[PDB]
Structures are given as structure tokens and as C-alpha cells.
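First comes the structure, then the notes that go with it.
Don't worry about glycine lacking a Cβ; one is built from the backbone with ideal geometry, like all the others, and counts go over all protein chains shown. The numbers here are math on the coordinates, done by the rules we state, and not lab data.
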Amino acid sequence: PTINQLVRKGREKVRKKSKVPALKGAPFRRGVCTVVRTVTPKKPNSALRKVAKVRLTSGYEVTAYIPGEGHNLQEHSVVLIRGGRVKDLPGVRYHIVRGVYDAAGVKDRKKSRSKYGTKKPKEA
Amino acid sequence: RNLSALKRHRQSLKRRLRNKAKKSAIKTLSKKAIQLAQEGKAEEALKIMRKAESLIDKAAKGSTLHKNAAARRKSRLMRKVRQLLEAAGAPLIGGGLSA
Amino acid sequence: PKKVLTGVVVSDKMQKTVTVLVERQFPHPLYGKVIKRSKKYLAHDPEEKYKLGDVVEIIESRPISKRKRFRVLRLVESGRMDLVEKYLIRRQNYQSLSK
Amino acid sequence: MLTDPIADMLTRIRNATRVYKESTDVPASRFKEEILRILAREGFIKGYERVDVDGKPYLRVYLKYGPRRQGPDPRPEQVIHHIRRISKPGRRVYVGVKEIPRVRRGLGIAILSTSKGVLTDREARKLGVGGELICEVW
Amino acid sequence: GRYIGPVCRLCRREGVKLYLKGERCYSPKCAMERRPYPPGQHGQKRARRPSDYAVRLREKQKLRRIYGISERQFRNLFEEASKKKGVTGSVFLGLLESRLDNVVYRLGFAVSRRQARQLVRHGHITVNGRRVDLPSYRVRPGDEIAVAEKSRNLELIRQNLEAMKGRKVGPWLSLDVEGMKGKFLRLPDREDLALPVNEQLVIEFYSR
Amino acid sequence: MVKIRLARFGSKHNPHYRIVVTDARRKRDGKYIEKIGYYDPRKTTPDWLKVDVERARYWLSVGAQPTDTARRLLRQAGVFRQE
RNA sequence: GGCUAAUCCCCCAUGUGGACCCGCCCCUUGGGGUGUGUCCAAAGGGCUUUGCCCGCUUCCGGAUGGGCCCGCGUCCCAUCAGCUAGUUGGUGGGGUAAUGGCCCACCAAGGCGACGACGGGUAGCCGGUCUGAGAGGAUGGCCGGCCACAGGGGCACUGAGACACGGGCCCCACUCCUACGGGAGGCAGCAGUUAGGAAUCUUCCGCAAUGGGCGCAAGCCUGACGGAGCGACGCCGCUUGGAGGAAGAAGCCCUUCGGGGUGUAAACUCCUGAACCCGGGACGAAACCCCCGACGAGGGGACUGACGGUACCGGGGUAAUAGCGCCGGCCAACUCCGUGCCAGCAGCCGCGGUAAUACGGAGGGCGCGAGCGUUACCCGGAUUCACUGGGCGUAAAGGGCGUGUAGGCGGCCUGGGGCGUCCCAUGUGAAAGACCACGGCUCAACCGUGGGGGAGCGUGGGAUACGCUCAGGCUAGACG
RNA sequence: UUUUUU
RNA sequence: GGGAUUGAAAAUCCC
Ligand SMILES: [Mg+2]
Ligand SMILES: [Mg+2]
Ligand SMILES: [Mg+2]
Ligand SMILES: [Mg+2]
Ligand SMILES: [Mg+2]
Ligand SMILES: [Mg+2]
Ligand SMILES: [Mg+2]
Ligand SMILES: [Mg+2]
Ligand SMILES: [Mg+2]
Ligand SMILES: [Mg+2]
Ligand SMILES: [Mg+2]
Ligand SMILES: [Mg+2]
Ligand SMILES: [Mg+2]
Ligand SMILES: [Mg+2]
Ligand SMILES: [Mg+2]
Ligand SMILES: [Mg+2]
Ligand SMILES: [Mg+2]
Ligand SMILES: [Mg+2]
Ligand SMILES: [Mg+2]
Ligand SMILES: [Mg+2]
Ligand SMILES: [Mg+2]
Ligand SMILES: [Mg+2]
Ligand SMILES: [Mg+2]
Ligand SMILES: [Mg+2]
Ligand SMILES: [Mg+2]
Ligand SMILES: [Mg+2]
Ligand SMILES: [Mg+2]
Ligand SMILES: [Mg+2]
Ligand SMILES: [Mg+2]
Ligand SMILES: [Mg+2]
Ligand SMILES: [Mg+2]
Ligand SMILES: [Mg+2]
Ligand SMILES: [Mg+2]
Ligand SMILES: [Mg+2]
Ligand SMILES: [Mg+2]
Ligand SMILES: [Mg+2]
Ligand SMILES: [Mg+2]
Ligand SMILES: [Mg+2]
Ligand SMILES: [Mg+2]
Ligand SMILES: [Mg+2]
Ligand SMILES: [Mg+2]
Ligand SMILES: [Mg+2]
Ligand SMILES: [Mg+2]
Ligand SMILES: [Mg+2]
Ligand SMILES: [Mg+2]
Ligand SMILES: [Mg+2]
Ligand SMILES: [Mg+2]
Ligand SMILES: [Mg+2]
Ligand SMILES: [Mg+2]
Ligand SMILES: [Mg+2]
Ligand SMILES: [Mg+2]
Ligand SMILES: [Mg+2]
Ligand SMILES: [Mg+2]
Ligand SMILES: [Mg+2]
Ligand SMILES: [Mg+2]
Ligand SMILES: [Mg+2]
Ligand SMILES: [Mg+2]
Ligand SMILES: [Mg+2]
Ligand SMILES: [Mg+2]
Ligand SMILES: [Mg+2]
Ligand SMILES: [Mg+2]
Ligand SMILES: [Mg+2]
Ligand SMILES: [Mg+2]
Ligand SMILES: [Mg+2]
Ligand SMILES: [Mg+2]
Ligand SMILES: [Mg+2]
Ligand SMILES: [Mg+2]
Ligand SMILES: [Mg+2]
Ligand SMILES: [Mg+2]
Ligand SMILES: [Mg+2]
Ligand SMILES: [Mg+2]
Ligand SMILES: [Mg+2]
Ligand SMILES: [Mg+2]
Ligand SMILES: [Mg+2]
Ligand SMILES: [Mg+2]
Ligand SMILES: [Mg+2]
Ligand SMILES: [Mg+2]
Ligand SMILES: [Mg+2]
Ligand SMILES: [Mg+2]
Ligand SMILES: [Mg+2]
Ligand SMILES: [Mg+2]
Ligand SMILES: [Mg+2]
Ligand SMILES: [Mg+2]
Ligand SMILES: [Mg+2]
Ligand SMILES: [Zn+2]
């Protein structure tokens, strides 16, 4: 672009589209579950991945991954959304916080307890 | 409730009548003086115009016209009299105006 | 220092008023090249002295009307209609680029 | 028509030096000549002189190069490693006396056109003036 | 609170003798004697060639751990030197050596840095007559670091200054052994310090 | 009415005041006309009061008004001493 | 309906002086002087009651605060291209402190737009802040300045000032009283409630300080303010011991079954003494006021604490919370067992379908440490919107081609001008902040004092190479 | 037919 | 839902 051109039109800043429409751009959002499913994953892998459809306080309805070895999440339970994609399940853009209102933490989880929301046990 | 800054709104209305009266006099007298200039009567126009002037500065004594707002009225008035008197001039009284 | 500008009379068609076009030259704040911008000023001409094509000094003045805050100081150069014809052509180009 | 006669001259030199011509002609103009005076003063050219080439004036610019070198590519090291026009038409570059650059950490020059004349960066700074930044040479 | 735990273990992981234990980093028990390899189940295994990052990291840990400082006070101390006039490298050292806790150790009032750190904290140190109980206090040149006459009769003080008779002290330091006085003459130089540490590594560690 | 007063510029429990000319209608810590000295009430520094009297005398000739406190400090620097 | 006082309101008087019409002079937009003529002033109270204090009146000036005007700068969309009826100008008039289509009557037919009008979207702006090598990007909470608003909309009154948050009127929505006729409200003040929400505090003390209102003053008011409270929300300081102590216990872990590891770590010996107890115990506070001197300068004296019996000093004195993430590469730290495309990890590339340093636990190790991780967002890396600082033959990208409008750009010589450009001086660039120096809290965070810098614009003077401009000249480009 | 070229 | 089958799985075949 000639300098003349750059004066006539100029550059154009690049608008970054958010990857997480947890509206009000909030750090989390609380929602109520619709279903608790198990989804067949993308190509190189296979398992039964536990997910949840959630109605949000933002008026949104989105899938969310349930981390941890086992969940207590039921059809009508309320939960808190985290964000962060499951790479190998298309369309799942938000994790679920374990150790929040109706989603207990993982029992007997002793290594990474900040994630998966479990307290510190006692030793005799 | 019941703040006695209410007393202030009371006086507000009293002063409303004081200012409104003097202004009503100014306007009623000013137009009277000009109707005579426009009708040629030189003495009566002047003798009246002087009382308009007095009533104007008197209104400027208090909070009615306090500024040069009063001189604005005096200025615009004395012009129209002398000019409207210019149809058959003969400025008889010549009280308020200058030689 | 009342702002004093030097431009050209582009419009004659008002009463006691002429439109002055004033060019301006400055380096661009990022790209640096010197760029040429223009603004039309409505200047007060009480004697209707100044005519179309006269290059005139303009002076920041006490307001005359809406959109009139400058008066015509003096005449710099008389009757160069080339400046006007560049402006007229430009105005005339806008008649395309609609439909 | 020549669009920018200065960058043209700077290039006529840039191009001449890479095939190692002894001399090269650039069409004559005083402002061109005032640049070559700074080069010849700074030892970037053996010199320059005026000539007439079929009735029109030109400037013969005599380029100097380094010594012939050792094994493959004996071709000598250049005296003018880099020439670039700075302030071009359609983007002009002016600098105040504090805005003057230090070229190559002092080992190069930046030719300035000032109100006191065409100067190097040093000569300008001690003259205490700035102007249009014509080119880097080093 | 600073690191509290085994220390003659960290003598090992850095690979160079650390003296944080005070004595017995001298007597043939430092565990740098007959156990120079780093700790852990894999300490006796042959180590891989360290990555360019790996060296710069162990070098700062080597320096941070010698003075017994947390990263917070450590990095804030460093970013101060990059701004100050003079070589960021040697300026950092003179600032660590200006710590009152380190000055006390450097003066022989205490066997180890850790011991000196407790002496300041418990008030046994006078600075120009005033008690100072902060180990992070920056000693200025000219300050007189004495012992509180309250504890001058404490047997641990008389213990060190009995072994401090005849001992020479740093060219930026001097002390009176009987009255338990001491002075901070000036800031130490690169050559003045014996630390087994490349500063230009640690400067380069923060360029990232 | 233009007044001469103090503006608090210390920290909590560590007050320092700036003797200051400003319209009485502005906030106490807000924009002022001129700073004509400082005050340290805890007298922590050897110099805990400075004025520049010849400047403070100016604002009096034009009718600035000192607080009961600001006057007490000005008289200490002898703004009124006339012998 | 009736009585009455005044620093309430009015008439006459006095004209220092001012206001207005007209004339003249000097200035030059309605600035200053001057003459004749007209019009305009006022309020009393207190005592130490013959004199002084708080006030009152007209005028000129100072100071301070502000209104209005102007040049320049101020986000996205052209899939918004044409907008405009008080709209642009004029004369005269109304209005205000004052200019003005601010409003009005009448006349002219204008004004604005690709240099982005009109429309839509978004948004208080700035000092600054964050980031970055910088240029730049992002941002405007707290603190400081300007603005705007007070449930929504409109309007005026009073006044030096408002079109007024806790003043007035009306319309609309909502809440409460209601004798159903009609009324009262307005926390975007401090606390506090409820709703929404991932999420944000005490219905605290105090007038001692600083500031503000009225008052001669004594004083009163002050949810401004100064303090305390709660929340690791951020920064900063500090503790969870220090010194001795085995070629090295037990337990756990690995193993070539020799041993290796946790590890001087624990035990145990010695010293100190966070918490806590006892006693003393602040600075912040000196004026306003009283006395002497004249109610001045000056001197002298007295009362005056929320924080708080807190800070701090002295005595006594107990070994006395550690956690969180990671360990396939980027990236510092590895082994065993469990599990077998399962259960699950995952920031990206990818691990796991029987020997997994990647899942899960254990031992060990690395990193921080009253914190540690996470998610969201901002800059960075990103020279990936490229001014510094990128590109378009085959990778994303040359318009199918021409003619040509505007715009951008402009060969050689001389002269005048001095717009861009450069130089000197000068005013401005508030404070805070940022930077250096020193000082006050035992350090620091925090705070104070002093120092220096700064683009930008105003103004005065100066230079003339280059760009511009006017005048002249040439023939190498172009045309004939 | 599908993962893993070892 | 377990065997054949494959490194394992799908598909296919056996109670
Ligand atoms: Mg643009
Ligand atoms: Mg959106
Ligand atoms: Mg949204
Ligand atoms: Mg993904
Ligand atoms: Mg009252
Ligand atoms: Mg009537
Ligand atoms: Mg009024
Ligand atoms: Mg005309
Ligand atoms: Mg004129
Ligand atoms: Mg058409
Ligand atoms: Mg450049
Ligand atoms: Mg000089
Ligand atoms: Mg440095
Ligand atoms: Mg320097
Ligand atoms: Mg020394
Ligand atoms: Mg505050
Ligand atoms: Mg104000
Ligand atoms: Mg003093
Ligand atoms: Mg005096
Ligand atoms: Mg009655
Ligand atoms: Mg007189
Ligand atoms: Mg009278
Ligand atoms: Mg009165
Ligand atoms: Mg002013
Ligand atoms: Mg936008
Ligand atoms: Mg309209
Ligand atoms: Mg029409
Ligand atoms: Mg209309
Ligand atoms: Mg309409
Ligand atoms: Mg008018
Ligand atoms: Mg008004
Ligand atoms: Mg008017
Ligand atoms: Mg324009
Ligand atoms: Mg809009
Ligand atoms: Mg909106
Ligand atoms: Mg908005
Ligand atoms: Mg920076
Ligand atoms: Mg902005
Ligand atoms: Mg409203
Ligand atoms: Mg409306
Ligand atoms: Mg009033
Ligand atoms: Mg208005
Ligand atoms: Mg308002
Ligand atoms: Mg309210
Ligand atoms: Mg109010
Ligand atoms: Mg009401
Ligand atoms: Mg709720
Ligand atoms: Mg007060
Ligand atoms: Mg009295
Ligand atoms: Mg009250
Ligand atoms: Mg407060
Ligand atoms: Mg800390
Ligand atoms: Mg130990
Ligand atoms: Mg004991
Ligand atoms: Mg005192
Ligand atoms: Mg007396
Ligand atoms: Mg006195
Ligand atoms: Mg008092
Ligand atoms: Mg004690
Ligand atoms: Mg213990
Ligand atoms: Mg590694
Ligand atoms: Mg994990
Ligand atoms: Mg197995
Ligand atoms: Mg296995
Ligand atoms: Mg593992
Ligand atoms: Mg954090
Ligand atoms: Mg990013
Ligand atoms: Mg960039
Ligand atoms: Mg960059
Ligand atoms: Mg570029
Ligand atoms: Mg590229
Ligand atoms: Mg083509
Ligand atoms: Mg063509
Ligand atoms: Mg053209
Ligand atoms: Mg040219
Ligand atoms: Mg041109
Ligand atoms: Mg010339
Ligand atoms: Mg100039
Ligand atoms: Mg300047
Ligand atoms: Mg500043
Ligand atoms: Mg200090
Ligand atoms: Mg400062
Ligand atoms: Mg100038
Ligand atoms: Mg010509
Ligand atoms: Zn050791």
C-alpha cells in the first residue's frame, strides 16, 4: 500500500471473536441441566464421555463436560460452568466445575484436588 | 419529613408577586408612552416616559431587574420615543431627553 | 490572538455574506506525509465589497449568526477563478455516485 | 520524466558500484552536486566532475572500492555498503536537531538538507539545525 | 515465611557446597562429603545434558538459596538493580550483602545465615544504637551493627565471638570483638565476594 | 471567597498538610490555586513547617481568608510580624 | 375576618457617583472621557452608650468562581449517499448578564456532503493506567479536573447564582393512606433490605483533628471527613524455630537382593522466646477563647480525643499452622503397581485397545509458599493490519481492457515571497502519578520535601537547502 | 472396512 | 452380555 493509500484507507484492526459465549463475558455462569449423556468421541480416540445440556442464566443452552471419574449429576441438578474445550468432542466448549452446588467432588481423589473439587483428608 | 426549608418556598411566592407587579407596571407604562409618540403628542409622551424610567431603576433597586437589565429597558424605550416623535417632532417637554 | 485565516471566496449568493474556503497543510499523525485539508467558513461582508474568486484574510470575530463567527479582514489577491473552478468541479462530481 | 532525481542518482551509484564501474554519469543538477560534495568529502567516492554528454550536462561520479580479496570471490569489499533514500516524494521526512539519527552507531552518515545547507548528521548537529533527511550512507 | 526444612540436602541438588548449615558444612558431614550427587531415588543416575533453560534456573536457585530468601523478595530485589545506575549484575550482589540478616552472619555474630536470621528477629541486634528486628533491613554504609548489651551475656554470643578472636573479616567489614560492635564500611565488589555463582546467568534468566 | 487552609496529603495515621490557597467551595483535597507551604503535625522532621511568607502576604492583600488553624501556623512563620 | 413589630415593602429628599437618550473627543466591534437634559441611593442593632464593634447604601478597582465564542484533536459500519423549512442568510424586533435563527414577523434562496453530510451501532471525556524495545495497542474503577443526570417526560419561580438529588408545578408508570371525594412518597447520600448475579462490606465510633454553613462570639449543624469493623481482594513486612546430631533407626518406597532412597530429616542434647500474662503508656493539640498591649504586631496563660489503654517502651515467657500446582515435548522434575479404545487426561501436538515416565494411587522430585491453581478479560510474543515493520508468476492477493474526472506525484536555471520545514527566546503543559536525590514510619508497602524532563499549541525574532507559491528562462520528458 | 508403520 | 477372531476393535461364526 502506498503511503497515499494508507492515508486514504489505513490499516484495519482485527476483531477477535470470543471462543466462549458465557455472556456478560463472565468468568463462570450457573445453569440447570437438561440431560446427562455419554458421547462417542472424535476420530483417533474412543470412550464414553459424560456431558450435560445446560440452560444458563444468560439464556443459553449449551453442552458441558463433566470431569472426574464419577459424577452425581442428575436430570434436574444445577451446576456451574467453567469454560475450556474438550478437544476430542465437537461442540463442547465449556467444562463443569466439580465441587459446586449440586455436583459433588470426586470421591477418594488424592492427587489433584484443586481441580475436581475435593477436600483434604486426615491421616492417623 | 418536614424540613423547614419549606419556609423558603413560602417566601419564594411572596417575592414572585413583588417582582411580577413592578414588571407589569413597566410594560403597561412603556407602551403607553410609545402610543403617544406614535400619535404625535410630545408633552404627554415625555411626562409619562420619565415615570417609566423611574419605575425601571426602582425595580433595579431590588432583585427584579438588578443588572443592566434595567438599562436595557431604558435604552430601548428612550430610542423609540425620540424616533416615533420624529413624525412632526416638536419635542415639547424635553424633560427626559438631551438637547 | 483572534485566529486569522487566508482563503478564497467560493460563494457569492448570500446577502452580506461570502463563503471562504481555507486550505490547510499538515503532516499525517502516523503516516507522516503532508496532507491537504479544507474547511468552508461563513464570513461577514457588510458592504458586499468582496466578490467571487477574491483571496481574502479572515479574522475570528464576535458571533454574527449561527454558523458565522469570522469577518473579512482585507483582500490579499483579487480574482483568481481557478481556485473556485477546482471546488465547483468537485461539487459537480457528487452528482454521479448515487444510483 | 524522472520521478525522484535524487533516489535516481543514489541508485545510479548503487547500481554502478555492484558491477564495479570506474565511473558513472548522473544528469546534472545543483542539489545532486551538493550531495556528491558530501560523499567526496566523506571518502565514499574518489570524486566527481562535470561533463557534457551530447550537449547536456552530467556528473561523472568516480567510485572507490576496497582491495582485491583472497580465495573464491576475489571481488573487492565495497566502500558504499548501503545507500537508501529516506525522504521520498509523497512521504517527506523532516527532523529537528534532536530528531537526527546516529547512523551505524557513528560509522555511517545521514545526509541532511538544512536551512543552513546540505550537511552530514555530525555537521548538522554541531551547527545546531535540522531539516529534511535525504539518505543514509554507510 | 522462608524455606523451613532440610538444607544439607540442597547442598546436593545445586552440586556446590552450600554453607547454610553453618558449621558441619565444614566438618566432614556436610553430605557434600561422600554424597555429592543430588537427592532422590534418581540422584545416583547419570544426568542428561541440561537444557539452556535448565542451567539458568539452577544458577538462580543456587544464588537465591544461599541467602535464604523467597522468590518474592528476591525478584523485587533484582528488578531494583536493572533500574539503578551501574552493572545490574554486581549491584544485585551488593544489595543482598546489605541485608541485616546477612551482615550479622558475615560479621561472625552467627554461625549460619539461618541463625543470623533468628538473631535479628528476636531483637539481639543493635543498628546505630537502635534495635532492629527485621532481617530485610538494608544496611547503609557507615551503620554500626552492635549486639544488644541485654544479650551480650548470653552464652551463644560469647560462643561465636570466642571463635571470632583472630579471624579476619571482609574488606568491606570490620568489627570489635569485646564490645561486640561492628561496622559496614562500604558495599562489596564482584572480586570481594567468593560466591560460586555466575551472575550473568541469572541476569539472562530474567530476560525471559 | 478565596481562603487559605490546609489540605490533607499524608496517609492513614500519618498526616501531612499542604498550606494552600483555594476557593472555599472546592473540596478540601481538591484542586487549589497555589501551594504556599507544608505542615507536619507529628513534627517528625527537623523542618516540619515552611511558608514563603512574602507569597503568603500577597494573598492577604487581595483578601484570602485563613482558617483558625492556618492562621496559627502563618503567625509562627511571622507573616504578620511588622517591626 | 381582625390587631401588630422589624435589617420586610413603599413615597419624598440629598447626587461623591452611576444608569439612559443625543452631541463632541480619544480609542477602535457595545473600550475610555465629556456636556446638557431625565432617572436612581440607604437599616438598623450591640455594648465596656461620646465612642468603638457587627452591619446598611451608590460607585471605581482587586481577587476568585463562571457564561458564551473560536482553531485544532476525539470509536465502528458505505450492506447508511445524498441531508436540510428555522433550514442558510438579511433587515427589524423580542429575550438574556451577554453575542447568536435563541425565539418571532417580513425579505432574499440559500446552507451542508466522498476531506464521509444524513442515518445506524457503540460510548461520559481527560490527567492517567496496563502493556510493549519502542512506535503502538488496550483502558478511563479508586484518587484529581470537566461534563451529564436525580423513577420517566416537560416547565418555570425564588435568587448573585438552579431550571435546582434530600425546593415548587403538571403529565405518565409504580408503592402506601383513603370516610373513594382526595392525598403522601422518590437512598444514582451513609449504613442496611430485597431482586438479579460467578461476585462486592458495618442498620459501627467520633466533632478530638482537617474542611464547610450560619454566628460579634459562646456555640450549633456536618453519614464531607477522620477512625474502627468485616473480605488473603491487592501490595508490603513477619512467624511456623536456631545450633549440635548415624557411612546413617523404625515405617513407607525401589532393588541386579549386595544394596539403594526419604536423609541431618525425625528422635535426642543445648540456646533463643511468635502467641499470651503484668505494669507504664503516646504523638497527632494548638488555636478559636481569657488576661496584658489599642479587640493590631508581639507576649502570656487556660480548656480541648474518636482512634484507645491501641501504637510503643520495659518485665515475664511457651518449640510453637503448611499448603497448592506440576513431573511425554514446549518446560525444572521418574520409578513401582493398578487399569487394557475401558475408566479417564488434554492449553496445542497427543497419551490409553497388557511392560503407559501422559490415565489413577503410592514413593520420589521440581516450583512457589499464606498462599497455590483455575476460568474470564487486556497487552505481549504477533514483523499475524507491517509508520518504525509484510506482501500479490506457481503459496492468501494485479482489477478482463481502455479512455479519462477528482485526488496523489513533478526535469533543468534564476529571482521574490517564507506556507510546510528547521533554529533562538518566551508563555503554557494544575496537583497527584512516572523518574533521580534525600528524609519520616525499627525495614519495606505507604507517605513527605526538593530536583529534572515532556510531545503539543500561543507569541516574538531568525535561517532559505528541500517541499509549496508567484514572476521569468531553458530543451534532455511529453506533443507536433 | 477402522485405529497403530513399528 | 461370555468363546472363535485379530496387536486390539468392527464385521462374521459358536452356546
Ligand atoms: Mg479512516
Ligand atoms: Mg457478542
Ligand atoms: Mg453480549
Ligand atoms: Mg479444541
Ligand atoms: Mg430559615
Ligand atoms: Mg395591561
Ligand atoms: Mg431573575
Ligand atoms: Mg452577495
Ligand atoms: Mg474590519
Ligand atoms: Mg440518479
Ligand atoms: Mg522512514
Ligand atoms: Mg551550538
Ligand atoms: Mg542497570
Ligand atoms: Mg541517563
Ligand atoms: Mg569496600
Ligand atoms: Mg482516603
Ligand atoms: Mg466550585
Ligand atoms: Mg520551624
Ligand atoms: Mg503584614
Ligand atoms: Mg387579612
Ligand atoms: Mg457630577
Ligand atoms: Mg430620588
Ligand atoms: Mg431593604
Ligand atoms: Mg476571568
Ligand atoms: Mg466498536
Ligand atoms: Mg427536521
Ligand atoms: Mg418545503
Ligand atoms: Mg420545523
Ligand atoms: Mg420536519
Ligand atoms: Mg439582534
Ligand atoms: Mg438569569
Ligand atoms: Mg441584542
Ligand atoms: Mg472537511
Ligand atoms: Mg444513536
Ligand atoms: Mg445504548
Ligand atoms: Mg452509554
Ligand atoms: Mg515500561
Ligand atoms: Mg479512549
Ligand atoms: Mg426527571
Ligand atoms: Mg421530549
Ligand atoms: Mg442569595
Ligand atoms: Mg437553557
Ligand atoms: Mg441541573
Ligand atoms: Mg433522597
Ligand atoms: Mg436541595
Ligand atoms: Mg407535594
Ligand atoms: Mg440471589
Ligand atoms: Mg472545623
Ligand atoms: Mg461577647
Ligand atoms: Mg442532627
Ligand atoms: Mg471514611
Ligand atoms: Mg507475603
Ligand atoms: Mg535442623
Ligand atoms: Mg527458657
Ligand atoms: Mg502538644
Ligand atoms: Mg483592656
Ligand atoms: Mg498572639
Ligand atoms: Mg472547640
Ligand atoms: Mg515485650
Ligand atoms: Mg518443633
Ligand atoms: Mg524435561
Ligand atoms: Mg492431570
Ligand atoms: Mg497388569
Ligand atoms: Mg502395567
Ligand atoms: Mg502418572
Ligand atoms: Mg491468583
Ligand atoms: Mg493473546
Ligand atoms: Mg504489532
Ligand atoms: Mg513488536
Ligand atoms: Mg510498511
Ligand atoms: Mg506476508
Ligand atoms: Mg491482466
Ligand atoms: Mg492513460
Ligand atoms: Mg490532474
Ligand atoms: Mg521541482
Ligand atoms: Mg502541485
Ligand atoms: Mg528563493
Ligand atoms: Mg515560517
Ligand atoms: Mg516550548
Ligand atoms: Mg506533573
Ligand atoms: Mg528510613
Ligand atoms: Mg514531586
Ligand atoms: Mg513563529
Ligand atoms: Mg514556466
Ligand atoms: Zn551442607
* How high is the FRET efficiency between residue D:84 and residue C:38 when r is their beta carbon distance and R₀ equals 45 Å, given to the nearest 0.05? -> 0.85
* To do: Rounded to whole Å and sorted largest first, list the principal axis extents of the Cα atoms in segment D:4-60.
  => 28, 23, 22
* Asked: Rule-of-thumb check for chain C: C-alpha Rg over 2.2 N^0.38 Å?
  -> 1.18
* Label-point gap, in nm, between residue B:57 and residue A:37 - each point 7 angstrom along Cα→Cβ -> 9.5 nm
* Asked: List the GluC sites (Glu not before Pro) in segment D:42-138 that DSSP assigns to loop (not H, G, I, E or B) and whose Cβ has at most 14 other Cβ atoms within 10 Å. Which are they?
  -> D:77, D:99
* **Positive-pole candidate from C:92, C:29, C:1, dipole of chain C, charges at beta carbon** => C:29
* **Kirkwood-based Rg to Rh ratio, the protein assembly as shown, C-alpha trace** => 1.11
* Asked: Taking square-rooted eigenvalues a ≥ b ≥ c of the alpha carbon gyration tensor, is chain D rounded, prolate or oblate, where a/c under 1.5 means rounded and, failing that, a/b exceeding b/c means prolate?
  -> oblate
* To do: Could I have the simple spin-label model distance between residue D:92 and residue A:116, label points 7 Å from Cα toward Cβ, reported in nm to one decimal?
  => 7.2 nm
* Structure fact -> To the nearest 0.05, the calculated FRET efficiency linking residue C:23 and residue B:68 through their beta-carbon distance, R0 being 60 Å, is 0.90
* Taking the Cα centre of each part, how many Å lie between segment B:72-88 and segment C:45-82? -> 35 Å
* To do: Might you report the magnitude of the Cβ-based charge dipole of chain D about its Cα centre, with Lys and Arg at +1 and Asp and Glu at -1, to the nearest 20 debye?
  => 420 debye
* Can you tell me the order of E:91-102, A:11-22, C:69-80, D:105-116 when each peptide is scored by its average per-residue count of other Cβ atoms within 10 angstrom, highest first? => E:91-102, D:105-116, C:69-80, A:11-22
* Would you mind giving the mean number of other chain beta-carbons within 10 Å of the Cβ of each residue in D:91-100, as a whole number? => 2
* Among the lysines, which have Cα under 27 Å from the Cα of residue A:42 when same-chain residues fewer than 8 positions away are ignored? -> A:16, A:17, A:19, A:50, A:53, A:87, A:115
* Asked: Dipole of the protein assembly as shown (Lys/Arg Cβ +1, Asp/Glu Cβ -1, origin at the Cα centre): which of D:79, D:127, A:46 lies farthest to the positive side?
  -> A:46
* Asked: Two-decimal Rg/Rh of chain B from alpha-carbon positions, Kirkwood Rh?
  -> 1.19
* **chain B: most fluctuating residue of B:71, B:37, B:87 per GNM, C-alpha cutoff 10 Å** => B:87
* If r is the Cβ-Cβ distance from residue B:47 to residue B:23 and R0 is 22 Å, what FRET efficiency results, to the nearest 0.05? -> 0.50
